[PDB]
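In what follows, a structure is listed as structure tokens, so that the remarks can point back to it.
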Amino acid sequence: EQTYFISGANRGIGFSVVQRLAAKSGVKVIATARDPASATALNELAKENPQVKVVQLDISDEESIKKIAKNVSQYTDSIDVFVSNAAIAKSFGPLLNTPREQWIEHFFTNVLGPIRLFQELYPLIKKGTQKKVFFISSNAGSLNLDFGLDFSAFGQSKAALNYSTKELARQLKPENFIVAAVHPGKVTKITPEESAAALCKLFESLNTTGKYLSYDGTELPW
Amino acid sequence: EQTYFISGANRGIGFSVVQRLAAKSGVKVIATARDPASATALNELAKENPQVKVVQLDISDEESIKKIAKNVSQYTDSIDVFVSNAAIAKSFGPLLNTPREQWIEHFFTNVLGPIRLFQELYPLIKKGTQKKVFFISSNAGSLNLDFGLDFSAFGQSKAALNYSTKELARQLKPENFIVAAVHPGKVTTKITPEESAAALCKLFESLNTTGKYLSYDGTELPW
Ligand SMILES: NC(=O)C1=CN([C@@H]2O[C@H](COP(=O)(O)OP(=O)(O)OC[C@H]3O[C@@H](n4cnc5c(N)ncnc54)[C@H](OP(=O)(O)O)[C@@H]3O)[C@@H](O)[C@H]2O)C=CC1
Ligand SMILES: NC(=O)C1=CN([C@@H]2O[C@H](COP(=O)(O)OP(=O)(O)OC[C@H]3O[C@@H](n4cnc5c(N)ncnc54)[C@H](OP(=O)(O)O)[C@@H]3O)[C@@H](O)[C@H]2O)C=CC1
């Protein structure tokens, strides 16, 4: 049996990924929401598929991160595949029009949060078999793609997590970890369920660390 | 007549850049220190070259950044060449080993600081002739270079600011701004603060196109 950790599973790509993993046999899923009590569809999935364990996590909240290791541990001794999917996208457009608060909130939720979350959960991941570590990033975070769009604090947060993900891939190569940053697509437009089907196949198959990948398995430049 | 603005001019490259400009014919220089009152080299520099103006700036401190345009406005109608030089470099090595505060301090000092600084001085830069914007970055900030080192919060912060620098260049291109990310070199191969300064002042004056990521010598770096 394999255990997957997905942050931000209450909706979007995250929910579709949990819904996709719940169908697979022998996949325990630790699914997080800021507010489980309100996570109607996730909770109904967990009611039907007890493979699916729901836990609270606010990745902006250090006090929430300080508890995620012990709380995930109640449901599993190990994590095979870790997915940092929870993230905000609330700041686009020009630098001069981006208030301080937006830079900060993208930093805390999109950069420090995934990093702290990986720090807290690394031990559980070390004790797993797959040792796979995915940060759901964006093609917007690329330092070398031009979309002729301003991504402001959003893109800046994804470039930052990209930089530290590539560094992490190097640090955990000797421990036989697979680390990737993955663009889940434009949800050309695709549905969250399409994204999750592609993402899930990618999680399964990827067998080399340090990749910046799109959902379809092709590579993006950092 | 040109106004240069330089953050962190009390020591390091920043002092060496201000020292060189203060010898330059018809150049006014707003130089910043966290603590003007103990920036004794720079106070003597401005005493001996009063074209040099010393104002308080803590780029980690939003209250300090909220005052910079008024502080700068005391001495000048405009900024021709803006240099975000002030910055920290306190955290390297593995992710698992980088505590929360190092990631936080490098974001606030090395990313938000320069963004808020530029937001505050853009009206004065807009009013100037040269419209030249330099963020002192690092080669460690590249997403496409491998020095066989991890740079932790430091590298992340330079990469972060690098992303926004590139965006700012796109955004201000039609306002005829020249925006550049510039690696000043590894300063005391090792080079001297005065060598860095000399090469930077040369780049500051000759740089004609925007959106570039440059080393001190004027070679391009990959984003
Ligand atoms: N959709 C797209 O086109 C693209 C998306 N992405 C990436 O895809 C991932 C998910 O996107 P998508 O499903 O569309 O996003 P949604 O906005 O649909 O949902 C985001 C998820 O993140 C959770 N989340 C947000 N803030 C926090 C927080 N502080 N603590 C914990 N959980 C939080 C949300 O919970 P809550 O309901 O509580 O807000 C939700 O579960 C992200 O990593 C994003 O960066 C990037 C490229 C393109
Ligand atoms: N120099 C190098 O070899 C390399 C460094 N860089 C870049 O070059 C820049 C210049 O380096 P250098 O001047 O020698 O740096 P130093 O290491 O000597 O010190 C940092 C400088 O920034 C100031 N400073 C630090 N923190 C703050 C703050 N919170 N608010 C305001 N000012 C602050 C310091 O003033 P104070 O005395 O008060 O601390 C000092 O002038 C760096 O800041 C960095 O971005 C990048 C690549 C290589």
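All of the numbers you see were taken from the coordinates with simple rules; none came from a lab. Please note: Cβ atoms are built from the backbone with ideal geometry, for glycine as well, and neighbour counts cover all protein chains shown.
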>> Taking loop as defined by DSSP and a crowding limit of 14 other beta carbons within 10 Å, which trypsin sites (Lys or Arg not before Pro) in region A:109-169 fit?
In response: A:127
> Ranking A:161, A:220 by Cβ neighbours within 10 Å, fewest first, what do you get?
Replying inline: A:220, A:161
> Counting other Cβ atoms within 10 Å of each Cβ, which chymotrypsin sites (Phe, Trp or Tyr not before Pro) in region A:75-177 have at most 16 and sit in a DSSP loop?
Replying inline: A:75, A:92, A:147
> Within straight cross-link reach of residue A:66, meaning Cα distance under 14 Å, which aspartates and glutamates are found once same-chain residues fewer than 8 apart are removed?
Replying inline: A:58, A:120
> What size of dipole, in debye to the nearest 20, comes out for the protein assembly as shown about its Cα centre when the only charges are +1 on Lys and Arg C-beta atoms and -1 on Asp and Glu C-beta atoms?
Replying inline: 160
> For region B:68-111 and region B:198-215, what is the separation of their C-alpha centers, rounded to whole Å?
Replying inline: 20
>> When a/c reaches 1.5 or more, the comparison of a/b and b/c decides; with that in mind, is region B:1-141 rounded, prolate or oblate per its Cα gyration tensor?
In response: prolate
>> Quick check for me: using +1 on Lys/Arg Cβ and -1 on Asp/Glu Cβ, what's the dipole size of region B:6-81 about its Cα centre, in debye to the nearest 20?
In response: 200
> What pairs in A:158/A:201; A:158/B:202; A:211/B:132 have C-alpha atoms more than 28 Å from each other?
Replying inline: A:158/B:202; A:211/B:132
> Taking the Cα centre of chain B as the origin, how large is its charge dipole in debye, to the nearest 20, when only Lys and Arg (+1) and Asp and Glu (-1) carry charge on their Cβ atoms?
Replying inline: 360
>> Between residue A:63 and residue A:176, what's the calculated FRET efficiency when r is the beta-carbon distance and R0 is 35 Å? Round to 0.05.
In response: 0.60
> Taking the C-alpha atoms of region B:143-223, how large are the radius of gyration and the largest Cα-Cα span, Dmax, in Å?
Replying inline: 13.5, 39
> So, how do all the Cα-to-Cα distances of region A:42-105 break down into 5 Å bins, in percent, from 0 on up?
Replying inline: 3, 12, 17, 19, 16, 10, 9, 8, 5, 1
> Once you have the alpha carbon radius of gyration of the protein assembly as shown, what is it after dividing by 2.2 N^0.38 Å, with N set to its residue count?
Replying inline: 1.05
